[PDB]
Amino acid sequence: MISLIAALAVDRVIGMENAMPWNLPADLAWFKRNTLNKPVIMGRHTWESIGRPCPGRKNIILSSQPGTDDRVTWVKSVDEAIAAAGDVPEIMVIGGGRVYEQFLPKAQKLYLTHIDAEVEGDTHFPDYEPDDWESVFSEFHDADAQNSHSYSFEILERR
């Protein structure tokens, strides 16, 4: 299946000036745990903010232009992106804004981190209805030494 994984703040803010504006180690671990051994799909701007392939995962980058780095697999369309992922149980779509928008109607699961931080973004997660998504897991955690904000993990399954 196709799954989306994303950290959101207030107003579903996901990013600002090509970066993510918070400090949350608990989220990185959760991300690593749910994506390791999976193919990961991302847009070119998200690729350019990471710059090294996500190790232990097949890396597929969407771009309308020819690839500029042979450590990763480049694809020119959403259908080419899914085909390059081959026959796996779960393909992870990991950002950014424009990529989430395109894959959201094809997705069966969402893994979300709701971070209780009020920041300004120039990129937002698509608007999603509970009419379509059932919550099968959610945990809330208070801020601590490593994590400056409270945050909750949730897994939703399409209805």
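Quick note: we count residues from 1 along the sequence shown, nothing fancier.
The stretch with the higher mean CA B factor, choosing between 9 to 17 and 144 to 152, is 144 to 152. Relative to one another, 90 to 98 and 125 to 133 have unequal mean CA B-factors, and 125 to 133 is the one with the higher figure. In this entry, the residue among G43, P39, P105, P55 with the greatest C-alpha B factor is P55. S49: CA B factor in the highest third of modelled residues in this chain (values from the PDB entry).
Compared with the other modelled residues of the chain, the Cα B-factor recorded for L28 ranks in the middle third. When the modelled residues of the chain are ordered by their C-alpha B factor, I60 lands in the lowest third. Per-chain ranking of the deposited C-alpha B factor places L112 in the lowest third.
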